[PDB]
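Here the structure is laid out as structure tokens; the discussion comes afterwards.
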Amino acid sequence: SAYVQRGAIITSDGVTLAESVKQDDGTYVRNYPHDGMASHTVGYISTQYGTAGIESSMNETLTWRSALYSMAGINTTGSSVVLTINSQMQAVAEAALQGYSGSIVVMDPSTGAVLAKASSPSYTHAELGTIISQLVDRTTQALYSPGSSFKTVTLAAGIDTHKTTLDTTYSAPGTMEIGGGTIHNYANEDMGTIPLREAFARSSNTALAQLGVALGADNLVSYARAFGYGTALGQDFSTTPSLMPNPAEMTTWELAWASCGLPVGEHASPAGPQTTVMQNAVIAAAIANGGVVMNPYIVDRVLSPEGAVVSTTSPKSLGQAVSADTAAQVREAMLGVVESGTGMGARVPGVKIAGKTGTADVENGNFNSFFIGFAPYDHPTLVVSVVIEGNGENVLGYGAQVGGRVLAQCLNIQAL
Ligand SMILES: *[C@@H](O)[C@@H](NC(=O)c1c(O)ccc2ccccc12)[C@@H]1N[C@@H](C(=O)O)C(C)(C)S1
């Protein structure tokens with residue numbers, strides 16, 4: 001069984017990430033020519049550390065005469081797996097995370113193909129045999145409060161149910177009683193009365209909370225689930241489902257905050273929203289793609305030992321979360337975020353970028369920075385989702401700055 005060559009794992013642009021090399025002993029040693037690249041995605045099979053990534057999930061494909069071990073080699077050979085990951089976009093994402101904890105996903109919005117997936121801090125496969133936070137895949141297997149990045153869902157629901165429009169005005173005070181508890185804008189900023197497109201661009205909690213309350217628990221949960229919440233996203237990789245409460249258990253105050261992306265509920269069902277970075281990308285992708293949610297995937301195709309395509313992955317939809325008309329309104333609101341609101345750090349001269357930012361507290365008074373977005377605005381070909389974790393540091397707005405940088409460099413790669 002170790003006398004039979006394991007198949008390779010190769011990026012879409014032809015870079016070999018994992019290989020098996022025959023010994024004179026007869027067995028096969030696993031080699032990693034770019035050790036440290038896309039480590040969580042490539043994965044491993046380790047008694048100590050468990051199994052993860054493609055190594056495990058595609059193990060079969062990679063893995064009378066059966067009784068003779070001397071015939072193991074001559075007979076079968078593992079077929080390779082070609083990822084949708086692009087090595088240059090991957091390197092872009094990994095560089096952008098240097099010195100930070102967090103994660104980045106780049107995806108194609110019309111298919112859900114994953115073009116870059118990076119978690120930090122990371123590890124090399126050489127370190128698995130030494131000692132070895134680093135092992136957590138923060139793209140798919142860690143949950144976070146999404147904060148204001150979740151307002152994209154609240155907005156989409158509000159427009160799709162025909163309960164509001166981008167030009168409808170909202171009172172956006174520094175502080176407001178809702179459901180017997182207080183909702184505040186950041187820094188308690190009183191914004192006065194403003195149109196919703198502006199409350200979204202400036203990311204007012206008091207205004208968006210009012211929209212959430214006007215939607216109700218049933219609708220907010222329903223739309224969250226239509227974008228993927230509750231689903232283990234990934235045709236060919238594992239993602240932990242993003243979570244919302246049982247709407248019957250939610251209170252008005254809890255609903256107000258949930259609609260701003262902060263889970264504060266206390267009941268038998270989970271508090272929410274709690275999201276993955278992958279789910280955040282699927283949302284931006286759906287809005288970029290006319291409202292049609294794609295189930296993301298990371299295997300492009302399988303190759304026989306001699307190079308024949310054995311199978312090809314087909315893009316698959318998880319349904320239509322909002323109308324095309326609704327999606328176009330949310331895209332326009334997202335462009336405002338970057339052109340004149342809290343996402344100006346994502347701006348890149350000579351390309352129109354749209355998105356939505358978020359910030360959320362964790363324990364010890366730390367906090368995390370989020371961004372989802374897409375580009376170019378008029379005919380999107382790339383989506384990005386980012387988390388930069390605080391740790392000991394203030395990281396206000398860093399998600400957006402990383403987001404724009406990654407989008408700009410990935411577009412240039414697409415260009416070549
Ligand atoms: C959305 O996330 C909203 N955020 C806050 O008011 C907020 C929060 O709910 C929890 C912790 C925070 C820590 C620092 C700053 C703000 C916090 C408004 N949305 C964000 C966004 O990034 O888009 C900001 C900061 C404009 S404020």
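In the structure tokens, chains take letters A, B, ... by order of appearance, with residues numbered from 1 within each chain and ligands from 1 in the order shown.
Contacts with ligand 1 are defined as any residue atom within 6 Å of a ligand atom, using only C-alpha atoms and all ligand atoms; the residues meeting this criterion are residues 147, 148, 185, 186, 203, 342, 357, 358, 359, 360, 361 and 367 of chain A.
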So that each row is one residue of range 141-257 of chain A with an atom at most 12 Å from range 83-107 of chain A, can you give its shortest atom pair and the distance in Å to one decimal, using only C-alpha atoms, rows by chain and rising number, as JSON lines?
{"residue": "A:141", "atom": "CA", "partner": "A:103", "partner_atom": "CA", "distance": 10.9}
{"residue": "A:142", "atom": "CA", "partner": "A:102", "partner_atom": "CA", "distance": 10.0}
{"residue": "A:143", "atom": "CA", "partner": "A:102", "partner_atom": "CA", "distance": 11.5}
{"residue": "A:144", "atom": "CA", "partner": "A:102", "partner_atom": "CA", "distance": 10.7}
{"residue": "A:236", "atom": "CA", "partner": "A:83", "partner_atom": "CA", "distance": 10.5}
{"residue": "A:237", "atom": "CA", "partner": "A:83", "partner_atom": "CA", "distance": 11.5}
Selected residues written out with C-alpha atoms, as a CSV table (one decimal), in the first residue's frame:
chain,number,residue,atom,x,y,z
A,141,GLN,CA,-13.0,26.1,10.0
A,142,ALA,CA,-13.2,29.1,12.4
A,143,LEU,CA,-16.3,31.2,13.1
A,144,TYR,CA,-16.4,34.9,13.7
A,236,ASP,CA,-15.0,19.3,-2.4
A,237,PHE,CA,-13.8,20.8,0.8
Go through A:47, A:401, A:77, A:202 one by one, measure the shortest atom-to-atom distance of each to residue 306 in chain A using only C-alpha atoms, and give the residue with the smallest value.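 Going through A:47, A:401, A:77, A:202 one by one, the smallest distance to residue 306 in chain A is for A:77.
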Between A:214, A:310, A:327, A:68, which residue has the minimum interatomic distance to residue 160 in chain A, considering only C-alpha atoms? A:327
Residues of range 234-393 of chain A classed as helix (DSSP H, G or I) by DSSP on the backbone are to be reported as a VMD selection string. chain A and resid 247 to 249 252 to 258 277 to 288 324 to 340 344 to 346 363 to 365
From the DSSP assignment of the backbone, select every residue of range 190-360 of chain A that is strand (DSSP E), and format the answer as a PyMOL selection string. chain A and resi 193-195+292-294+299-303+309-312+317-320+354-360
Need to verify the contact set: range 19-33 of chain A, 8 Å, only C-alpha atoms, exclusion of same-chain residues closer than 6 positions in sequence. Can you return it as a ChimeraX atom specification? /A:2-9,125
Export of prior selection with N, CA, C and O atoms as a compact mmCIF listing (two decimals), in the first residue's frame:
# COMPACT_ATOMS: atom_id res chain seq x y z
N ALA A 2 2.02 1.26 0.61
CA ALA A 2 3.00 2.33 0.49
C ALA A 2 3.99 2.02 -0.65
O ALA A 2 4.94 2.74 -0.87
N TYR A 3 3.74 0.93 -1.37
CA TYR A 3 4.51 0.60 -2.57
C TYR A 3 3.82 1.15 -3.84
O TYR A 3 4.36 1.02 -4.94
N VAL A 4 2.65 1.77 -3.67
CA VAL A 4 1.89 2.33 -4.78
C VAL A 4 1.97 3.84 -4.72
O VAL A 4 1.55 4.43 -3.74
N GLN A 5 2.51 4.44 -5.78
CA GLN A 5 2.67 5.89 -5.87
C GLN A 5 1.39 6.69 -5.62
O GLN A 5 0.33 6.39 -6.18
N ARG A 6 1.50 7.73 -4.81
CA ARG A 6 0.39 8.61 -4.57
C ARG A 6 0.39 9.65 -5.69
O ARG A 6 1.45 10.09 -6.17
N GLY A 7 -0.80 10.02 -6.15
CA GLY A 7 -0.93 11.07 -7.17
C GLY A 7 -0.53 12.46 -6.67
O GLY A 7 -0.48 12.73 -5.46
N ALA A 8 -0.25 13.36 -7.62
CA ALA A 8 0.15 14.73 -7.30
C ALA A 8 -1.04 15.66 -7.01
O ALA A 8 -2.18 15.34 -7.30
N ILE A 9 -0.74 16.80 -6.38
CA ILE A 9 -1.65 17.93 -6.23
C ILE A 9 -0.97 19.14 -6.87
O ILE A 9 0.17 19.48 -6.52
N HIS A 125 5.02 21.78 5.83
CA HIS A 125 4.89 20.34 6.10
C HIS A 125 6.12 19.76 6.77
O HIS A 125 6.04 18.72 7.43
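What separates CA of residue 291 in chain A from CA of residue 223 in chain A is a distance of 11.5 Å.
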List the spatial neighbours of residue 113 in chain A as a VMD selection string - criterion: any atom at most 12 Å away, only C-alpha atoms, same-chain residues fewer than 6 positions off excluded. chain A and resid 12 83 to 86 105 to 107 234 to 237 278 281 to 282 285 294 to 301 313 to 317 381 to 383
Contacts of residue 157 in chain A at 9 Å or less, counting only C-alpha atoms, minus same-chain residues fewer than 6 places along, as a PyMOL selection string? chain A and resi 163+212+215+219-220+222-224+322+326
Could you write out that same residue set with N, CA and C atoms as a PDB file, in the first residue's frame?
ATOM      1  N   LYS A 163     -39.418  46.344   1.157  1.00  0.00           N
ATOM      2  CA  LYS A 163     -39.684  47.087   2.380  1.00  0.00           C
ATOM      3  C   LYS A 163     -38.897  48.396   2.455  1.00  0.00           C
ATOM      4  N   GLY A 212     -33.417  45.883   9.991  1.00  0.00           N
ATOM      5  CA  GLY A 212     -33.574  44.543  10.542  1.00  0.00           C
ATOM      6  C   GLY A 212     -34.863  44.357  11.325  1.00  0.00           C
ATOM      7  N   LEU A 215     -37.714  44.136   8.978  1.00  0.00           N
ATOM      8  CA  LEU A 215     -37.754  42.806   8.338  1.00  0.00           C
ATOM      9  C   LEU A 215     -38.368  41.728   9.225  1.00  0.00           C
ATOM     10  N   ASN A 219     -37.695  36.709   8.286  1.00  0.00           N
ATOM     11  CA  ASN A 219     -37.044  37.180   7.049  1.00  0.00           C
ATOM     12  C   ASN A 219     -35.525  37.271   7.129  1.00  0.00           C
ATOM     13  N   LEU A 220     -35.005  37.802   8.224  1.00  0.00           N
ATOM     14  CA  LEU A 220     -33.580  37.911   8.310  1.00  0.00           C
ATOM     15  C   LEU A 220     -32.937  36.526   8.271  1.00  0.00           C
ATOM     16  N   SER A 222     -34.232  33.751   7.088  1.00  0.00           N
ATOM     17  CA  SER A 222     -34.508  33.183   5.808  1.00  0.00           C
ATOM     18  C   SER A 222     -33.534  33.604   4.683  1.00  0.00           C
ATOM     19  N   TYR A 223     -33.313  34.897   4.600  1.00  0.00           N
ATOM     20  CA  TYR A 223     -32.319  35.417   3.666  1.00  0.00           C
ATOM     21  C   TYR A 223     -30.911  34.986   3.983  1.00  0.00           C
ATOM     22  N   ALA A 224     -30.521  34.988   5.270  1.00  0.00           N
ATOM     23  CA  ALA A 224     -29.190  34.460   5.621  1.00  0.00           C
ATOM     24  C   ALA A 224     -29.001  33.024   5.110  1.00  0.00           C
ATOM     25  N   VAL A 322     -31.646  36.354  -4.003  1.00  0.00           N
ATOM     26  CA  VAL A 322     -32.376  37.609  -4.193  1.00  0.00           C
ATOM     27  C   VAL A 322     -32.511  37.784  -5.696  1.00  0.00           C
ATOM     28  N   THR A 326     -32.583  43.234  -7.193  1.00  0.00           N
ATOM     29  CA  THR A 326     -32.071  43.461  -5.852  1.00  0.00           C
ATOM     30  C   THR A 326     -30.535  43.465  -5.839  1.00  0.00           C
TER      31      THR A 326
END
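Here CA of residue 262 in chain A and CA of residue 119 in chain A stand 23.1 Å from one another.
Interatomic distance, CA of residue 178 in chain A to CA of residue 337 in chain A: 25.5 Å.
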Measuring atom to atom with only C-alpha atoms, identify which of A:50, A:404, A:349, A:181 is nearest to residue 136 in chain A. A:50
May I have the residues within 6 Å of residue 63 in chain A as a list in words, using only C-alpha atoms and disregarding those fewer than 3 positions away in the same chain?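 The residues that qualify are residues 6, 59, 60 and 78 of chain A.
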